[PDB]
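The chain below stands alone and is given in structure tokens; this is the form deposited in one PDB entry.
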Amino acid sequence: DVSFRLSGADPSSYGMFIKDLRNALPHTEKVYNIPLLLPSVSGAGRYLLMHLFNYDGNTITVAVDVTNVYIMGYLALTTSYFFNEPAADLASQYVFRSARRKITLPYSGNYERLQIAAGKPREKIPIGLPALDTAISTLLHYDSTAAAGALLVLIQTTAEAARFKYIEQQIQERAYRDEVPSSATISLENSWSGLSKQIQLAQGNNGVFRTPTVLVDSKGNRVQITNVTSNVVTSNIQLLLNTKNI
């Protein structure tokens, strides 16, 4: 398991937790030096448990699918909560079985279903460590509407941060003050799948992408990614979604 506590948390411990989060996911091959996520894992081992503690010390345990880094659900005291999606339902057969009751959310974990449930896009939802403390707090007590938004904060603080160093960096700048995500952040989140595909396809195309990826950069400008020499591939992306899942 991996853990993070917001009490006493700073850019340092956050980075360490994100480093752990990354190291917890297994892989057998690296593509252009980037861990390649497995096509699939069978049974309970398919899920990674993250113990998160808010500033007061309360905790929720989040189950993550180690093949894609998708959040399946979490445990709040003695109640389990899982998205309304096949994968999560499957996940419920293995994790938090001893919870006293199981609640299925009214939506899947997809960014689009989450934004609807929440009544606003990620664009306008401030993130950072403080925001992650709010999120943990919200999920301790069931509220599907407040949860959608806390869940959008959680996904980005943790899964997207493991996925991209840049996003991990974005969150460390927000260690003591939340801020809506830069568009480069939303761009990267939206492009993880495609970038993972083209990184793997480049492998026998001499590091050239079969199809270029369009991103938005730091300065907020439209940019094309055509091959593995881009900083995005050399520095940024830290985990790759196996094409066997794309």
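Numbering starts at 1 and follows the sequence shown.
Below, we turn to the form deposited with a partner chain bound, even though it does not appear here.
Colleague: Which of 108-116, 93-101, 130-138, 165-173 has heavy atoms within 4.5 Å of the partner chain in the bound PDB entry?
Modeller: This holds for exactly one stretch, 165-173.
Colleague: Looking in the bound PDB entry, is the partner chain within 4.5 angstroms of a heavy atom from every one of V180, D217 and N236?
Modeller: The answer is yes; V180, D217 and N236 each reach the partner chain.
Colleague: Although the partner chain is absent from this view, report whether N231 comes within 4.5 Å of it in the bound PDB entry, heavy atoms only.
Modeller: Contact with the partner chain, yes.
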